[PDB]
Amino acid sequence: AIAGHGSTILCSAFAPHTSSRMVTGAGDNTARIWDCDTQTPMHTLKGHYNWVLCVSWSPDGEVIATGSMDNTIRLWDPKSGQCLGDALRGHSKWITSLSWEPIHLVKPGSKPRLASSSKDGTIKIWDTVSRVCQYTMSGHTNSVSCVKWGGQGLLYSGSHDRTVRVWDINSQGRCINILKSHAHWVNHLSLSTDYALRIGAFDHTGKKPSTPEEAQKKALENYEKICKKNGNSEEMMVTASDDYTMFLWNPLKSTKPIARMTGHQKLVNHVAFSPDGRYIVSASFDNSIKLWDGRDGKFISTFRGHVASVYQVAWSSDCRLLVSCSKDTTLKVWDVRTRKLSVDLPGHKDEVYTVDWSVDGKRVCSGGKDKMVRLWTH
Amino acid sequence: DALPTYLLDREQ
């Protein structure tokens, strides 16, 4: 439990290379990097005129992107704490999501691009080095909820228009498919591989590549490690919406859902594949968390114990445990093998808005309406 | 108020 934020915390993320570094965003228009070894602040990121809504590390660990209510995006250096230039303008409403291009589809010695979605129904591709809007993906007729840069050169966006759109980065922003199965606001979106996409060339030990060539190697190595289970690369996608349901996809392979996984009694606000894509877990406003099979999408078990709406879930690296935050101020980490609660955590005094597992599975962070960051260590 | 991304455009 460490202070240092003047407003309610809205987001957080651990470093893809170490469990000692964590960035976070609040409504005090600032962001902060932390030392998880000493539980103390490190840097303060300033230059935003409004709430910092979402933060996203770079899969190489060199750059920190940040999205805000002020319709702009800022890139930062995690060690120095300096803004790497002027803001990234061209959005007319607030930023909803950030998605980085994975290292394996990125040339060695070169830096990965950045994708951002907004309430303006568009998604802009930025050049992090040259600082410019390379592409502007538009076509959604309502707010875009979430965007994910797939490890196969495709970007998937979900929106309030009950539609999930697929974008091709190898065709310079061309839209190749438009998925229409949902019947309400698509709230979130998770890929079977976005753990590998997030950590790029790093691993569970934190071993860094010695040369940009090695980074190009391990990036494709870690990605093929997971997306291949039959002999060829296959990445899956789950969507969550306000129609109480979810859909499993193999979008490139087929424009039609693999399964319609149903059973939640209220809207599904968050969904997350396992780090190995084996399980699927969904958090909903009916105070429940349901567990599904990552391969075919069959219902497995229900996680019970929350008294209020569940806001978000985060997977541990060992694919056995997972942590959740809810409106009822508490954090709970569940065990997939016992299909029930592992240990209950001393939670906050108010609503908890964000959680995260460290990549090595050592520490767990959280923050919310009481303006206080909390760190838990397994 | 300062609500998160998913709680914007949501009411009590």
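Residues numbered from 1 in each chain as written, not as in the entry; some residues may be left out. Chains lettered and ligands numbered in written order. Heavy atoms only, no water.

Colleague: Any chance you could explain the UniProt feature "repeat: WD" in chain A here in plain terms?
Modeller: The UniProt record annotates "repeat: WD" at residues 4–44, 47–86, 90–136, 139–177, 215–259, 263–302, 305–344 and 347–378 of chain A. Along residues 90–136 of chain A, the helical share is 0% and the strand share 47%, with 9 Å between the first and last C-alpha atoms. (UniProt positions renumbered as here; feature names shortened; annotations may be inferred. Helix = DSSP H or I, 4+ residues; strand = E, 2+ residues; numbered from the N terminus.)

Colleague: What is the right way to read the sheet that holds strand β13 (residues 154–159) of chain A from this model?
Modeller: Pairing between the strands of a sheet is mediated by backbone hydrogen bonds and can be parallel or antiparallel. Residue and element names in this part refer to chain A. The strand order across the open sheet built from four strands is β12-β13-β14-β15, with neighbouring strands paired in antiparallel fashion. Of all strands in the sheet, those bounded by a partner on one side alone are β12 (144–149) and β15 (174–179). Along the sheet, successive strands turn relative to each other by an average axial angle of 20°, direction set aside. Taken together, the five bridges between strand β14 (residues 164–168) and β15 define a ladder with antiparallel strand orientation. Following the sheet pairing, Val-164 is matched in β15 by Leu-179. (Pairing = 2+ DSSP bridges. Axes fitted to C-alpha atoms, helices over the stretch in contact; angles between N-to-C directions.)

Colleague: Explanation requested: the interface of chain A and chain B in the structure shown.
Modeller: Many analyses report the size of an interface as the accessible area lost when the parts associate. Between chain A and chain B, the residue contacts involve 20 residues of the former and 10 residues of the latter. Taken together, the two surfaces of chain A and chain B that pack against each other cover about 1300 Å², and 60% of this comes from carbon and sulfur. Taken as a group, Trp-51, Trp-94 and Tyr-353 of chain A account for 31% of the area that chain A buries against chain B, more than any other trio of residues on that side. Scanning the region where chain A abuts chain B turns up two salt bridges. At the boundary of chain A and chain B, one finds four residue pairs in polar contact. (Contact = heavy atoms within 4.5 Å. Buried area = accessible area lost by both parts, 1.4 Å probe. Salt bridge = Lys/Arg side-chain N within 4 Å of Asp/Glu carboxyl O. Polar contact = N/O pair within 3.5 Å; in protein donor to acceptor, adjacent residues only side chain to side chain.)

Colleague: Please clarify how the side chain of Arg-21 of chain A should be interpreted in this entry.
Modeller: All names here are of chain A. Topologically, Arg-21 is positioned in strand β2 (residues 21–26). When its relative accessible area of 17% is taken as the criterion, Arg-21 is described as buried. Of the polar contacts made by the side chain of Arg-21, one reaches the side chain of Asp-35; its length is 2.8 Å. Leaving out residues up to four positions away in the same chain, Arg-21 has contacts with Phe-14, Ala-15, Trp-34, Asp-35, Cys-36, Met-42 and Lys-79. (Buried < 20%, exposed > 50% of the residue type's maximum accessible area, 1.4 Å probe, protein only.)

Colleague: Before we go on, may I ask you to explain empty space enclosed by the protein in this structure?
Modeller: Rolling a probe over the atoms, with the probe sized like a water molecule, indicates the empty space that remains. Residue and element names in this part refer to chain A. If you walk through the whole model with that rule in mind, you get two cavities of 30 Å³ or more. Reported here for the second largest cavity is a volume of approximately 30 Å³. Taken together, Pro-102, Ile-103, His-104, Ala-196, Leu-197, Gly-200, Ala-219 and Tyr-223 make up the lining of the second largest cavity. The set of elements that each furnish at least two residues to the lining of the second largest cavity consists of α1 (196–199) and α2 (212–227). By residue class, the composition of the lining of the second largest cavity is six nonpolar, two polar and no charged. (1 Å grid on protein atoms, 1.4 Å probe; cavity = no way out; pocket = protein on both sides within 12 Å on 5 of 7 lines; lining within 4 Å. Points joined across faces, edges and corners; volume = space filled by probe spheres on them. Nonpolar A, V, L, I, M, F, W, Y, C, P; charged D, E, K, R; others polar.)

Colleague: Would you explain the packing of aromatic side chains in this entry?
Modeller: Working definition: an aromatic ring pair is given by the centre-to-centre distance plus the angle between the planes. The final tally for this structure, using the stated rule, is eight aromatic pairs over all chains. Consider the rings of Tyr-279 of chain A and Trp-315 of chain A, whose centres lie 6.0 Å apart with planes at 10°: the pair is stacked. Of this pair, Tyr-279 of chain A sits in strand β21 (residues 279–284) while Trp-315 of chain A sits in strand β24 (residues 310–315); the two residues are 36 residues apart in sequence, bridging distant segments of the chain. Note on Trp-315 of chain A: relative accessible area 10%, which makes it buried. For the pair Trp-357 of chain A and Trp-376 of chain A, a centre-to-centre distance of 6.2 Å together with 85° between the ring planes defines the contact as edge-to-face. Taken as a pair, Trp-357 of chain A in strand β28 (residues 352–357) and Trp-376 of chain A in strand β30 (residues 374–377) lie far apart in primary sequence, 19 residues in all. In this structure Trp-376 of chain A comes out as partly exposed when scored by relative accessible area, which is 24%. An aromatic cluster of three or more residues is present, and its members are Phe-285, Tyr-311 and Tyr-353 of chain A together with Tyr-6 of chain B. (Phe/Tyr/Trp six-rings, centres within 6.5 Å; stacked < 30°, edge-to-face > 60°.)

Colleague: When you look at α2 of chain A in this model, what are you seeing that I'm missing?
Modeller: The α-helix winds at 3.6 residues per turn, so residues separated by three or four positions along the chain end up facing the same way. Residue and element names in this part refer to chain A. Compared with an ideal rise of 1.5 Å per residue, which puts 16 residues at 22 Å, α2 spans 23 Å between its outermost C-alpha atoms and is within 8% of the ideal. Burial in α2 covers these residues: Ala-215, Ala-219, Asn-222, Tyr-223, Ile-226 and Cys-227. Taken down its axis, α2 places every buried residue within 115° of arc, on the same side. Seen from the buried face of α2, the exposed residues on the opposite side, beyond 90 degrees, are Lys-217 and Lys-225. Next to the buried residues of α2 lie α1. (Expected span 1.5 Å × (residues − 1). Arc of directions from axis to C-beta.)

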